[PDB]
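The file my_file.csv contains CSV, N, CA and C atoms:
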```csv
chain,number,residue,atom,x,y,z
Q,1,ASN,N,-41.6,-198.0,-142.6
Q,1,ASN,CA,-42.5,-198.8,-143.4
Q,1,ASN,C,-41.7,-199.3,-144.6
Q,2,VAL,N,-41.7,-198.4,-145.6
Q,2,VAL,CA,-40.8,-198.6,-146.8
Q,2,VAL,C,-39.4,-198.5,-146.4
Q,3,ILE,N,-39.2,-197.6,-145.4
Q,3,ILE,CA,-37.9,-197.3,-144.8
Q,3,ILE,C,-37.4,-198.6,-144.2
Q,4,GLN,N,-38.3,-199.3,-143.4
Q,4,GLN,CA,-37.9,-200.5,-142.8
Q,4,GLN,C,-37.6,-201.6,-143.9
Q,5,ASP,N,-38.4,-201.6,-145.0
Q,5,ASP,CA,-38.3,-202.6,-146.0
Q,5,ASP,C,-37.0,-202.5,-146.7
Q,6,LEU,N,-36.5,-201.2,-147.1
Q,6,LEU,CA,-35.3,-201.0,-147.7
Q,6,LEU,C,-34.2,-201.3,-146.8
Q,7,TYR,N,-34.3,-200.9,-145.5
Q,7,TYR,CA,-33.3,-200.9,-144.5
Q,7,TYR,C,-32.9,-202.3,-144.2
Q,8,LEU,N,-34.0,-203.2,-144.1
Q,8,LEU,CA,-33.9,-204.6,-143.8
Q,8,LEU,C,-33.2,-205.2,-145.0
Q,9,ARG,N,-33.7,-204.9,-146.2
Q,9,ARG,CA,-33.4,-205.6,-147.4
Q,9,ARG,C,-31.9,-205.4,-147.7
Q,10,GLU,N,-31.4,-204.1,-147.6
Q,10,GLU,CA,-30.1,-203.7,-147.9
Q,10,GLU,C,-29.1,-204.3,-146.9
Q,11,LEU,N,-29.5,-204.2,-145.6
Q,11,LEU,CA,-28.6,-204.5,-144.5
Q,11,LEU,C,-28.3,-206.0,-144.6
Q,12,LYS,N,-29.4,-206.8,-144.7
Q,12,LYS,CA,-29.4,-208.2,-144.7
Q,12,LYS,C,-28.6,-208.8,-145.9
Q,13,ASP,N,-28.9,-208.2,-147.1
Q,13,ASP,CA,-28.6,-208.9,-148.3
Q,13,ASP,C,-27.3,-208.6,-148.8
Q,14,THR,N,-26.6,-207.5,-148.2
Q,14,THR,CA,-25.3,-207.2,-148.6
Q,14,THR,C,-24.7,-206.7,-147.3
Q,15,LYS,N,-23.5,-207.2,-147.0
Q,15,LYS,CA,-22.7,-207.0,-145.8
Q,15,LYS,C,-21.3,-207.5,-146.1
Q,16,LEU,N,-21.1,-208.0,-147.3
Q,16,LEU,CA,-19.8,-208.3,-147.8
Q,16,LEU,C,-19.7,-207.6,-149.1
Q,17,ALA,N,-18.5,-207.1,-149.4
Q,17,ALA,CA,-18.2,-206.5,-150.6
Q,17,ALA,C,-16.8,-207.0,-150.9
Q,18,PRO,N,-16.3,-207.0,-152.2
Q,18,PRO,CA,-15.0,-207.3,-152.6
Q,18,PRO,C,-14.0,-206.5,-151.8
Q,19,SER,N,-12.8,-207.1,-151.6
Q,19,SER,CA,-11.8,-206.4,-150.8
Q,19,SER,C,-10.6,-207.3,-150.8
Q,20,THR,N,-9.7,-207.1,-151.8
Q,20,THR,CA,-8.5,-207.9,-152.0
Q,20,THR,C,-7.4,-206.9,-151.9
Q,21,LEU,N,-6.5,-207.1,-150.9
Q,21,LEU,CA,-5.3,-206.3,-150.5
Q,21,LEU,C,-4.3,-206.3,-151.7
Q,22,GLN,N,-4.2,-207.4,-152.4
Q,22,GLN,CA,-3.3,-207.6,-153.5
Q,22,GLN,C,-3.6,-206.6,-154.6
Q,23,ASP,N,-4.9,-206.4,-154.9
Q,23,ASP,CA,-5.4,-205.4,-156.0
Q,23,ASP,C,-5.0,-204.0,-155.6
Q,24,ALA,N,-5.0,-203.7,-154.3
Q,24,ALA,CA,-4.7,-202.4,-153.7
Q,24,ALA,C,-3.2,-202.0,-154.0
Q,25,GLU,N,-2.3,-203.0,-154.0
Q,25,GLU,CA,-0.9,-202.9,-154.1
Q,25,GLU,C,-0.5,-202.3,-155.4
Q,26,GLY,N,-1.2,-202.6,-156.5
Q,26,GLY,CA,-1.0,-202.2,-157.9
Q,26,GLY,C,-1.2,-200.7,-157.9
Q,27,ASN,N,-2.1,-200.1,-157.1
Q,27,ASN,CA,-2.5,-198.8,-157.1
Q,27,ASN,C,-1.7,-197.9,-156.2
Q,28,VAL,N,-0.7,-198.5,-155.4
Q,28,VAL,CA,0.1,-197.7,-154.5
Q,28,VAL,C,1.6,-197.9,-154.7
Q,29,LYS,N,2.4,-197.0,-154.2
Q,29,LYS,CA,3.9,-197.0,-154.4
Q,29,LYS,C,4.6,-198.0,-153.5
Q,30,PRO,N,5.6,-198.6,-154.0
Q,30,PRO,CA,6.3,-199.7,-153.3
Q,30,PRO,C,7.4,-199.1,-152.4
Q,31,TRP,N,7.6,-199.7,-151.2
Q,31,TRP,CA,8.6,-199.3,-150.3
Q,31,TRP,C,9.8,-200.1,-150.6
Q,32,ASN,N,10.9,-199.4,-150.8
Q,32,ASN,CA,12.2,-199.9,-151.2
Q,32,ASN,C,13.2,-199.2,-150.4
Q,33,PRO,N,14.4,-199.7,-150.1
Q,33,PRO,CA,15.2,-199.1,-149.1
Q,33,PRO,C,16.2,-198.1,-149.7
Q,34,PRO,N,16.7,-197.1,-149.0
Q,34,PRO,CA,17.7,-196.2,-149.5
Q,34,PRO,C,18.9,-196.8,-150.1
Q,35,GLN,N,19.7,-196.1,-150.9
Q,35,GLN,CA,20.8,-196.6,-151.6
Q,35,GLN,C,21.9,-195.6,-151.3
Q,36,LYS,N,23.2,-196.1,-151.5
Q,36,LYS,CA,24.4,-195.2,-151.4
Q,36,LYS,C,24.5,-194.6,-150.1
Q,37,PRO,N,24.7,-195.3,-148.9
Q,37,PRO,CA,25.1,-194.7,-147.7
Q,37,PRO,C,26.6,-194.3,-147.7
Q,38,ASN,N,27.2,-194.2,-148.9
Q,38,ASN,CA,28.6,-193.9,-149.2
Q,38,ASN,C,29.3,-192.9,-148.2
Q,39,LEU,N,30.4,-193.4,-147.6
Q,39,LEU,CA,31.2,-192.5,-146.7
Q,39,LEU,C,31.9,-191.5,-147.6
Q,40,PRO,N,32.1,-190.3,-147.2
Q,40,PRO,CA,32.9,-189.2,-148.0
Q,40,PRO,C,34.2,-189.6,-148.4
Q,41,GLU,N,34.7,-189.1,-149.6
Q,41,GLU,CA,36.0,-189.4,-150.2
Q,41,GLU,C,37.0,-188.4,-149.6
Q,42,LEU,N,38.2,-189.0,-149.3
Q,42,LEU,CA,39.3,-188.3,-148.7
Q,42,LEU,C,40.2,-187.8,-149.7
Q,43,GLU,N,40.5,-186.5,-149.7
Q,43,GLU,CA,41.3,-185.8,-150.7
Q,43,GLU,C,42.2,-184.8,-150.1
Q,44,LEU,N,43.3,-184.5,-150.8
Q,44,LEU,CA,44.2,-183.4,-150.5
Q,44,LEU,C,45.1,-183.9,-149.3
Q,45,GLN,N,45.4,-185.2,-149.2
Q,45,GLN,CA,46.2,-185.8,-148.2
Q,45,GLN,C,47.6,-185.3,-148.4
Q,46,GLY,N,48.3,-185.2,-147.2
Q,46,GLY,CA,49.7,-184.8,-147.2
Q,46,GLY,C,50.0,-183.3,-147.4
Q,47,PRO,N,51.1,-182.8,-147.0
Q,47,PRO,CA,51.6,-181.5,-147.2
Q,47,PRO,C,52.1,-181.3,-148.6
Q,48,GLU,N,51.9,-182.3,-149.5
Q,48,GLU,CA,52.2,-182.3,-150.9
Q,48,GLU,C,51.5,-181.2,-151.6
Q,49,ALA,N,50.2,-181.1,-151.3
Q,49,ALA,CA,49.3,-180.0,-151.8
Q,49,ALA,C,49.8,-178.7,-151.4
Q,50,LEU,N,50.1,-178.5,-150.0
Q,50,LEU,CA,50.5,-177.3,-149.4
Q,50,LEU,C,51.8,-176.7,-149.9
Q,51,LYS,N,52.8,-177.6,-150.1
Q,51,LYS,CA,54.1,-177.2,-150.5
Q,51,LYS,C,54.0,-176.7,-151.9
Q,52,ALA,N,53.2,-177.4,-152.7
Q,52,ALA,CA,52.8,-177.1,-154.1
Q,52,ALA,C,52.2,-175.7,-154.1
Q,53,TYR,N,51.2,-175.5,-153.2
Q,53,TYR,CA,50.4,-174.3,-153.2
Q,53,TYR,C,51.2,-173.1,-152.8
Q,54,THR,N,52.2,-173.2,-151.8
Q,54,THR,CA,53.0,-172.1,-151.3
Q,54,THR,C,53.8,-171.6,-152.5
Q,55,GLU,N,54.4,-172.6,-153.2
Q,55,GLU,CA,55.2,-172.3,-154.4
Q,55,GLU,C,54.4,-171.8,-155.6
Q,56,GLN,N,53.2,-172.4,-155.8
Q,56,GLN,CA,52.4,-172.2,-157.0
Q,56,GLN,C,52.0,-170.8,-157.2
Q,57,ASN,N,51.5,-170.1,-156.2
Q,57,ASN,CA,51.1,-168.8,-156.3
Q,57,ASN,C,52.3,-168.0,-155.9
Q,58,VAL,N,52.8,-167.3,-156.9
Q,58,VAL,CA,54.0,-166.4,-156.8
Q,58,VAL,C,53.6,-165.3,-155.9
Q,59,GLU,N,52.4,-164.8,-156.0
Q,59,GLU,CA,52.0,-163.7,-155.1
Q,59,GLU,C,51.5,-164.4,-153.9
Q,60,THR,N,52.3,-164.2,-152.8
Q,60,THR,CA,52.1,-164.8,-151.5
Q,60,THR,C,51.8,-163.6,-150.6
Q,61,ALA,N,52.0,-162.4,-151.2
Q,61,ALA,CA,51.7,-161.1,-150.5
Q,61,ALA,C,52.4,-160.1,-151.4
Q,62,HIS,N,51.5,-159.1,-151.9
Q,62,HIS,CA,52.0,-158.0,-152.7
Q,62,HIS,C,51.0,-156.9,-152.5
O,59,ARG,N,-1.2,-194.6,-139.3
O,59,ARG,CA,-1.4,-196.0,-139.3
O,59,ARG,C,-2.9,-196.2,-139.0
O,60,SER,N,-3.5,-195.4,-138.1
O,60,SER,CA,-4.8,-195.6,-137.8
O,60,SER,C,-5.7,-195.0,-138.9
O,61,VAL,N,-5.1,-194.2,-139.8
O,61,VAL,CA,-5.8,-193.7,-141.0
O,61,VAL,C,-6.0,-194.9,-142.0
O,62,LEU,N,-4.9,-195.6,-142.2
O,62,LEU,CA,-4.9,-196.7,-143.1
O,62,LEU,C,-5.7,-197.9,-142.6
O,63,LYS,N,-6.5,-198.5,-143.5
O,63,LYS,CA,-7.4,-199.6,-143.1
O,63,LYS,C,-6.8,-200.9,-143.6
O,64,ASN,N,-5.7,-200.7,-144.4
O,64,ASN,CA,-5.0,-201.8,-145.1
O,64,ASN,C,-3.7,-202.0,-144.3
O,65,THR,N,-3.7,-201.7,-143.0
O,65,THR,CA,-2.6,-201.6,-142.2
O,65,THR,C,-2.2,-203.0,-142.0
O,66,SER,N,-1.0,-203.3,-142.5
O,66,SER,CA,-0.2,-204.5,-142.4
O,66,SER,C,0.8,-204.3,-143.5
O,67,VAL,N,1.0,-203.0,-143.9
O,67,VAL,CA,1.9,-202.6,-144.9
O,67,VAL,C,2.5,-201.3,-144.3
O,68,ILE,N,1.8,-200.7,-143.3
O,68,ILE,CA,2.3,-199.7,-142.5
O,68,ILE,C,3.1,-200.3,-141.4
O,69,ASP,N,2.8,-201.5,-141.0
O,69,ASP,CA,3.6,-202.3,-140.1
O,69,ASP,C,4.9,-202.7,-140.8
O,70,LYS,N,4.7,-203.0,-142.2
O,70,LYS,CA,5.9,-203.3,-143.0
O,70,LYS,C,6.8,-202.2,-143.1
O,71,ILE,N,6.4,-201.0,-143.5
O,71,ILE,CA,7.3,-199.9,-143.7
O,71,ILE,C,7.8,-199.3,-142.4
O,72,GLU,N,7.1,-199.6,-141.3
O,72,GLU,CA,7.6,-199.2,-139.9
O,72,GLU,C,8.8,-200.1,-139.6
O,73,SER,N,8.7,-201.4,-139.9
O,73,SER,CA,9.7,-202.3,-139.7
O,73,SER,C,10.9,-202.1,-140.7
O,74,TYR,N,10.6,-201.6,-141.9
O,74,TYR,CA,11.6,-201.3,-142.8
O,74,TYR,C,12.4,-200.0,-142.4
O,75,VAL,N,11.7,-199.0,-141.8
O,75,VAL,CA,12.4,-197.9,-141.3
O,75,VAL,C,13.2,-198.2,-140.1
O,76,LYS,N,12.7,-199.1,-139.1
O,76,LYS,CA,13.4,-199.4,-137.9
O,76,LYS,C,14.5,-200.4,-138.2
O,77,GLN,N,14.4,-201.2,-139.3
O,77,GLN,CA,15.5,-202.0,-139.8
O,77,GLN,C,16.6,-201.2,-140.3
O,78,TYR,N,16.3,-200.2,-141.1
O,78,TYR,CA,17.2,-199.3,-141.8
O,78,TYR,C,17.4,-198.1,-141.0
O,79,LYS,N,17.2,-198.2,-139.6
O,79,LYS,CA,17.3,-197.1,-138.7
O,79,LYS,C,18.7,-196.5,-138.8
O,80,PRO,N,19.8,-197.2,-138.8
O,80,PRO,CA,21.0,-196.6,-139.4
O,80,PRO,C,20.8,-196.4,-140.8
O,81,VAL,N,20.9,-195.1,-141.3
O,81,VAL,CA,20.6,-194.7,-142.6
O,81,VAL,C,21.9,-194.3,-143.3
O,82,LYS,N,23.0,-194.3,-142.5
O,82,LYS,CA,24.3,-194.1,-142.9
O,82,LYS,C,25.0,-193.8,-141.6
O,83,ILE,N,26.3,-194.4,-141.4
O,83,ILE,CA,27.0,-194.3,-140.3
O,83,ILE,C,28.1,-193.2,-140.4
O,84,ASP,N,28.7,-192.8,-139.3
O,84,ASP,CA,29.7,-191.8,-139.0
O,84,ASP,C,30.7,-191.5,-140.1
O,85,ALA,N,31.1,-190.3,-140.3
O,85,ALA,CA,32.1,-189.9,-141.2
O,85,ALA,C,33.0,-188.9,-140.4
O,86,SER,N,34.2,-189.3,-140.1
O,86,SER,CA,35.3,-188.4,-139.7
O,86,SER,C,36.4,-188.8,-140.6
O,87,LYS,N,36.9,-187.9,-141.5
O,87,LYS,CA,37.9,-188.2,-142.5
O,87,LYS,C,38.9,-187.1,-142.3
O,88,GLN,N,38.5,-186.0,-141.6
O,88,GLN,CA,39.4,-184.9,-141.2
O,88,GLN,C,40.1,-185.4,-140.0
O,89,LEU,N,41.2,-186.2,-140.1
O,89,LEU,CA,42.0,-186.6,-139.0
O,89,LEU,C,43.3,-187.0,-139.6
O,90,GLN,N,43.3,-187.2,-140.9
O,90,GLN,CA,44.6,-187.6,-141.6
O,90,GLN,C,45.0,-186.4,-142.4
O,91,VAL,N,44.1,-185.7,-143.0
O,91,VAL,CA,44.4,-184.6,-144.0
O,91,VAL,C,44.6,-183.4,-143.2
O,92,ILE,N,43.8,-183.1,-142.1
O,92,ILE,CA,43.9,-181.9,-141.4
O,92,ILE,C,45.2,-181.8,-140.7
O,93,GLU,N,45.8,-182.9,-140.2
O,93,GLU,CA,47.1,-182.8,-139.5
O,93,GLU,C,48.2,-182.5,-140.4
O,94,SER,N,48.2,-183.0,-141.7
O,94,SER,CA,49.2,-182.8,-142.6
O,94,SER,C,49.3,-181.4,-143.1
O,95,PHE,N,48.1,-180.9,-143.3
O,95,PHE,CA,47.9,-179.5,-143.7
O,95,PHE,C,48.3,-178.6,-142.6
O,96,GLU,N,48.0,-178.9,-141.4
O,96,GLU,CA,48.4,-178.2,-140.2
O,96,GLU,C,49.9,-178.1,-140.0
O,97,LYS,N,50.7,-179.1,-140.3
O,97,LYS,CA,52.1,-179.0,-140.2
O,97,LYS,C,52.8,-178.0,-141.1
O,98,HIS,N,52.5,-178.1,-142.4
O,98,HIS,CA,53.0,-177.1,-143.4
O,98,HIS,C,52.5,-175.7,-143.1
O,99,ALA,N,51.2,-175.5,-142.7
O,99,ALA,CA,50.6,-174.3,-142.4
O,99,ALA,C,51.3,-173.6,-141.2
O,100,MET,N,51.5,-174.4,-140.2
O,100,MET,CA,52.1,-173.9,-138.9
O,100,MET,C,53.5,-173.5,-139.2
O,101,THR,N,54.3,-174.3,-139.9
O,101,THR,CA,55.7,-173.9,-140.3
O,101,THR,C,55.8,-172.6,-141.0
O,102,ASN,N,55.0,-172.4,-142.1
O,102,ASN,CA,54.9,-171.2,-142.8
O,102,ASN,C,54.4,-170.0,-142.0
O,103,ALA,N,53.4,-170.2,-141.1
O,103,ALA,CA,52.8,-169.2,-140.3
O,103,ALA,C,53.8,-168.6,-139.3
O,104,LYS,N,54.6,-169.5,-138.6
O,104,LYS,CA,55.6,-169.2,-137.7
O,104,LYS,C,56.8,-168.5,-138.4
O,105,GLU,N,57.2,-169.0,-139.6
O,105,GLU,CA,58.3,-168.4,-140.3
O,105,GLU,C,58.1,-167.0,-140.7
O,106,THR,N,56.8,-166.7,-141.2
O,106,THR,CA,56.4,-165.3,-141.5
O,106,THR,C,56.4,-164.5,-140.3
O,107,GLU,N,55.8,-165.0,-139.2
O,107,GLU,CA,55.7,-164.3,-137.9
O,107,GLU,C,57.0,-163.8,-137.4
O,108,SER,N,58.0,-164.8,-137.4
O,108,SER,CA,59.3,-164.5,-136.9
O,108,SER,C,60.1,-163.6,-137.7
O,109,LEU,N,59.9,-163.6,-139.1
O,109,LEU,CA,60.6,-162.8,-140.0
O,109,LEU,C,60.2,-161.4,-139.9
O,110,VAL,N,58.9,-161.1,-139.8
O,110,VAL,CA,58.4,-159.7,-139.7
O,110,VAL,C,58.5,-159.2,-138.3
O,111,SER,N,58.5,-160.0,-137.3
O,111,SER,CA,58.8,-159.6,-135.9
O,111,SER,C,60.2,-159.1,-135.8
O,112,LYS,N,61.1,-159.8,-136.4
O,112,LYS,CA,62.5,-159.5,-136.4
O,112,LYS,C,62.7,-158.1,-137.1
O,113,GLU,N,62.0,-158.0,-138.3
O,113,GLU,CA,62.1,-156.8,-139.1
O,113,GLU,C,61.5,-155.6,-138.4
O,114,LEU,N,60.5,-155.8,-137.5
O,114,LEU,CA,59.8,-154.7,-136.8
O,114,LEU,C,60.8,-154.1,-135.8
O,115,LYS,N,61.6,-154.9,-135.1
O,115,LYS,CA,62.6,-154.5,-134.1
O,115,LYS,C,63.8,-153.9,-134.8
O,116,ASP,N,64.1,-154.4,-136.1
O,116,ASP,CA,65.1,-153.9,-136.9
O,116,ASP,C,64.8,-152.5,-137.3
```

Kindly present the structure from the file in structure tokens form.
Amino acid sequence: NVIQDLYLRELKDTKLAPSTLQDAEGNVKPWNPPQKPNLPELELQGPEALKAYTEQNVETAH
Amino acid sequence: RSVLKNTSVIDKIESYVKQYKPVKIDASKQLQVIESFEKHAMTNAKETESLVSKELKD
């Protein structure tokens, strides 16, 4: 009765509400791509380090 | 994606992930330094080995 009146009135008279995707964007985090896929740095090239190291530590066995 | 009702940004980040699906490529850098190190190391290793082996029999 009154159930029908409200049901009818509500359903009919509102069935669109605001909904803008752009407004949503403000409220959410932005996708941005990773940075620095940097390849590892190469170090201690040559036996220069090794010859230095054999000499450098006097105690090679004591 | 089926949770989101605003889906057309889940399609965006899906495509961003699949775009950037290489997230960083291969690193093998131990192929120049490892061999140099190995030559000096091997030389010293063999020298010590031979010296003490000689001494053992002595």

request  = Compile the residues of chain Q that lie within 8 Å of chain O, evaluated using only N, CA and C atoms, and express the compilation as a list in words.
outcome  = residues 21, 31, 32, 33, 34, 36, 37, 38, 39, 40, 41, 42, 43, 44, 45, 46, 47, 48, 49, 50 and 51 of chain Q

ask   = How many Å separate atom N of residue O:114 from atom C of residue Q:62?
value = 17.8 Å

query = What does the distance from atom CA of residue Q:58 to atom N of residue O:113 come to in Å, to one decimal?
reply =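 Rounded to one decimal, the two atoms are 21.8 Å apart.
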
request  = Among the residues of chain O, find those DSSP assigns to helix (DSSP H, G or I) from the backbone and print them as an MDAnalysis selection string.
outcome  = chainID O and resid 68:77 91:115

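As for atom CA of residue O:72 and atom CA of residue O:59, they are spaced 9.6 Å apart.
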